[PDB]
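Heads up, the thing below is written out as structure tokens.
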RNA sequence: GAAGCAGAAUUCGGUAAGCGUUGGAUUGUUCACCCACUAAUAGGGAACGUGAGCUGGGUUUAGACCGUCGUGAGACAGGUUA
RNA sequence: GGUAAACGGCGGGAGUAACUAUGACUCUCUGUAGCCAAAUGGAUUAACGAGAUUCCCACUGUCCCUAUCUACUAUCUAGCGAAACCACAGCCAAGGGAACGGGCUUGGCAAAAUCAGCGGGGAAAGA
RNA sequence: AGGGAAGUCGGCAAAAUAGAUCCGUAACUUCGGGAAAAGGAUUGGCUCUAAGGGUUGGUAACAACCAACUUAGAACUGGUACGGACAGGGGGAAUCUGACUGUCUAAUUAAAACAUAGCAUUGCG
RNA sequence: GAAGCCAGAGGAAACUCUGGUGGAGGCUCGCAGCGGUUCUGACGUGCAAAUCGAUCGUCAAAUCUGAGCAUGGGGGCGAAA
Ligand SMILES: Nc1nc2c(ncn2[C@@H]2O[C@H](COP(=O)(O)OP(=O)(O)OP(=O)(O)O)[C@@H](O)[C@H]2O)c(=O)[nH]1
Ligand SMILES: [Mg+2]
Ligand SMILES: [Mg+2]
Ligand SMILES: [Zn+2]
């Protein structure tokens, strides 16, 4: 499989995630 | 203009009567009956703005005071001043009366 | 590619994609191909038939319609929250709003809809209807349409929610 | 007519087609299963042993796109629209 | 020999005894909202559309369940006046091995001349 | 009449909305739009009031003369109607799709088809 | 209701806000015109070898149109059917 590298994944910037 | 004029005379489009408006003005209990008949959350402006003379709810105080300067409100006021038609008036028109001993 | 090497004796391998409706099977196939080869829509049940897409010489991808295994412990509320059904064709969508409010944190909903101060779900729907102009004749709130909008935003990734992993 | 068939509701069987056998939801689909009213919501033929009443799907002239195969004209495991 | 490396093939990463292409022979590989990037991390793209699809309010004869009114025809009269189609004719039942009868056989029957409608059948689709 | 899609493959068709003034108008967004978004109040007639101008003439901030259409307010009054005929958006939540404006199969297909601007490549002194 | 322009309130200035003016857009509603989306439409030996009614798209331009001319089938022309 290889090493799981999720460090460079940018999550979706939703409206509810913004202060 | 009147919305959906061809079906204005249907029973499901009926409006409140002038004599019932007279009882609502004279006694607050009858008006309380008419208010508890409906559901408050489905009313314009949560039922806070109500014209008894026109028997109509309004969305805001500015809408209500805009209604009061209109001619339908003045027609309702003139009809209220003239006097609604009742069964007592209908009985006096033929000269009948009620004898209770 | 590793599976193809392991089955180098065969002429090719077939990789079929299965799962629930609206999990992204056709989206995964399109991403792997680098081209919109399978139809993609946020509504459940967009893929109705099985479809072959030739990824490489020895790799085929098989798109399949979504399946829901029948369980006696599954609720229609649970199916609607997992995205089985289209919310336009359900009766009284306001009953599923408490489930959405339980699943989604309150502050996330507040920052999503710029709304605060509701005491229950029907109050939240009425306030959001009055805020967004979802009004019927007489200015009454359209809690049905508001509930459908909230459910669609919950399904299509417009409201943040996830299930936390169990601790070891 | 029979049965532990006490009554009530029945179950099995017989004669009988005189008379009834409904209203709906669901097409991400072999449209078949659900819901209720009711006395009950029984099954078939006269088409489907090819075949001009009307209208939807098998169903498919010419326009067009996606998937598979082909070097290509194009054909199809196919899916959509008029 | 170098590539548009286009098409295309290619599971990685290490070594070496080969020593250059092809190597080959072993080893093993599985934050209930962050970090980083010059406000954003997008294609879940706004407007626009006689494009295709589902739903909500209002609305109504779409329906329950049909009724009524008007004009123009259809009807009758005067005048005027074709065409399509036509082997011959037009009531059915059963039989008529070739799964077909209108005419044959056996039965039921069977009464001039007509008018307005109807679409079972024969006819009728530049079929 | 009553019910209001129970009809139908499918709200097909019909109905409903519609002019003008005022209050008010969300998501999304290329910040331009969406938008007439959505949702509400009113509209007749009569009698009035007020405001909006021109020419000539030695604080002229004054006199004389002349003229037209708009705007706002008030009272009265008829009503089953008041854009009284005519004329005249139903609205909304979304999905797929093509950027749009535009073009074609005259006589069955106006469209995810063609073209378009933008982008990229090749040849030529 | 785009630039450009005027006035006021600010801001050290650069700029910001308000109220006007202005009349641009292969913008928009819509009459004519051009076109042809829909109707279990009319019509089906029709008024017509493609017409009629309602509805619809567009309507200041990649809009519509007359005359003269050029391109002639192994071709031309083609926003490509
Ligand atoms: N944010 C996000 N959305 C995704 C992702 N993958 C798929 N989606 C969305 O999920 C939706 C549903 O997936 P689909 O492409 O329809 O595939 P599916 O799961 O087979 O759905 P059905 O065809 O209906 O069975 C798509 O419309 C995508 O927009 C993802 O990785 N991230
Ligand atoms: Mg889907
Ligand atoms: Mg799919
Ligand atoms: Zn009043």
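Backbone-built Cβ (ideal geometry, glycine too); neighbour counts: all protein chains shown. We did not get these values from a lab; they are worked out from the coordinates using the rules stated.
Key figures for this structure:
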read-out: Residue among B:40, B:55, B:90 with the largest mean-square fluctuation in a Gaussian network model of chain B, springs linking Cα atoms under 10 Å; value: B:90
read-out: Rg to Rh, two decimals, where chain C supplies the alpha carbon set and Rh follows Kirkwood; value: 1.10
read-out: Alpha carbon centroid spacing (whole Å) that separates the stretch C:84-102 from the stretch C:108-151; value: 14
read-out: Share antiparallel - DSSP beta bridges, the stretch C:1-153, percent rounded to 5; value: 50
read-out: Spin-label pair residue A:10/residue C:13, simplified geometry with 7 Å Cα→Cβ offset, distance in nm; value: 3.3
read-out: Label zone at residue C:95, where the point sits 7 Å out along the Cα-to-Cβ direction: the stretch C:47-79 residues whose backbone N lies under 11 Å; value: C:76-77
read-out: C-alpha long axis of helix B:71-82 to longest principal axis of chain B, angle in °; value: 20
read-out: 10 Å Cβ neighbours from other chains, averaged over peptide A:6-19; value: 3
read-out: Folded to 0 to 90 degrees: helix C:143-155 orientation relative to chain C principal axis, Cα; value: 30
read-out: Shielding by partners, peptide B:37-48 (average Cβ within 10 angstrom, other chains); value: 2
read-out: Cα long-axis angle, helix C:121-132 against chain C (0 to 90 degrees, to the nearest 10); value: 90
read-out: Gaussian network model of chain B, Cα within-10 Å springs - most flexible of B:67, B:30, B:87; value: B:87
read-out: Mean projection area, nm², convex hull over Cα of chain B; value: 9.3
read-out: Beta bridges per DSSP with both ends in the protein assembly as shown, % antiparallel, nearest 5; value: 60
